[PDB]
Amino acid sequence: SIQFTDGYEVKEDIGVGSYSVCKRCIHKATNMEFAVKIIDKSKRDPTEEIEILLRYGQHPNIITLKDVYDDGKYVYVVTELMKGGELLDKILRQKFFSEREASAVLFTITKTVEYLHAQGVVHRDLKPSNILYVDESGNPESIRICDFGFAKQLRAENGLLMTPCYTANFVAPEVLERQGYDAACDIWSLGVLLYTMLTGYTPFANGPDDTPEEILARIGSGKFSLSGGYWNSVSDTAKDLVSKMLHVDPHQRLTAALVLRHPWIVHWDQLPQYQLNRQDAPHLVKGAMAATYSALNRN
């Protein structure tokens, strides 16, 4: 219980919201760069996020916590600094991206998500922007899931950590259905990620101009294109896999466990390594993407 200001030189902002901003920083002793989230304690209480991180950030593809401090008015959460930028944006700006590679990416991310769910953690805010590359190798290994700001571990009424496996202590009904629901959404978000990966556009929004009601009507219809233009080129394997991840019925949505058993994921070796024929508009997608979650998240 001593100091952060002491250990680190603070540099520029890298992200900013009402509850917290992230700044890049330097470990003075060693000269190594790191990110630090600064949470306002009177605005938000970050303890669940942090435990989730302490417990699980040892995962190769979960962001790794390196320090923490309680100034008094503020928390300081120090992690590895992600140097390879956001996942999807780098993927989109890649003219020669392939199915084979998208499969490696989704595999890595889903494996990570299958593990969180098995531990009773649902992420709840699984947008593409919360998924960064640690460096620029463009290797799946360098993928990190990074914002657990909205993540929730299944807890017992008494306040005791629980897993799906251990149902043998009783707990609330509408809550297991809630956690089952919330995991279904996580998979759904990976569905839109996959969708966007293969064709260069999002399934439910064309740009940041799409109104929320317009985007919610689309999501609600259950239907989306898996044909024409950019879809022509994609194997039916993958399209099948997408149809099931975005399945409008949350009870029918593939689990992460079942995503990993799909042949698109399993027979990655049979996947085409030649290029996907994708639309080329990264920034338009960023807009659409933001529009889709803004509409979803206005509560």
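Throughout, rigid core stands for the largest set of C-alpha atoms superposing within 1.5 Å between the two forms. Position 1 is the first residue in the sequence shown; the rest follow in order.
### Message
I'd like to know which segment deviates more from the shown structure in 4 other deposited structures of this protein: 82-90 or 162-170, using C-alpha RMS over all structures and residues after a core fit.
### Response
Checking 82-90 against 162-170 in 4 other deposited structures of this protein, I find the farther stretch is 162-170.
### Query
Quick one: with the core lined up, is it 284-292 or 20-28 that wanders further in 4 other deposited structures of this protein, going by C-alpha RMS?
Comparing 20-28 with 284-292, the one that moves more in 4 other deposited structures of this protein is 20-28.
### Message
I need to verify one thing: averaged over C-alpha atoms only, is the B-factor higher for 3-11 or for 289-297?
### Response
Per the deposited B-factors, the answer is 3-11.
### Task
Return whichever of 102-110 and 219-227 has the greater mean Cα B factor according to the PDB record.
Comparing averages over the C-alpha atoms only gives 219-227.
### Query
Taking the Cα B-factors listed in the entry, which of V192, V134, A168, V121 comes out highest?
That would be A168, according to the entry.
### Identity of residue with top Cα B-factor, from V75, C146, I143, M197
It is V75.
### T202 by Cα B-factor - lowest, middle or highest third of the modelled chain
Lowest third, going by the recorded CA B-factors of the chain.
### Query
According to the PDB entry, is the CA B factor of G57 in the bottom, middle or top third of its chain, that is, lowest, middle or highest?
As the PDB entry reports it, the C-alpha B-factor of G57 lands in the middle third of its chain.
### Task
Divide the modelled residues of the chain into thirds by Cα B-factor and specify which third, lowest, middle or highest, holds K127.
Middle third - that is where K127 ends up once the chain's C-alpha B-factors are sorted.
### Query
Split the chain's modelled residues into thirds by Cα B-factor; is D186 in the lowest, middle or highest one?
It falls in the bottom third of the chain.
### Task
Would you check the entry's CA temperature factor for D89 and let me know if it's in the chain's lowest, middle or highest third?
Bottom third by C-alpha B-factor.
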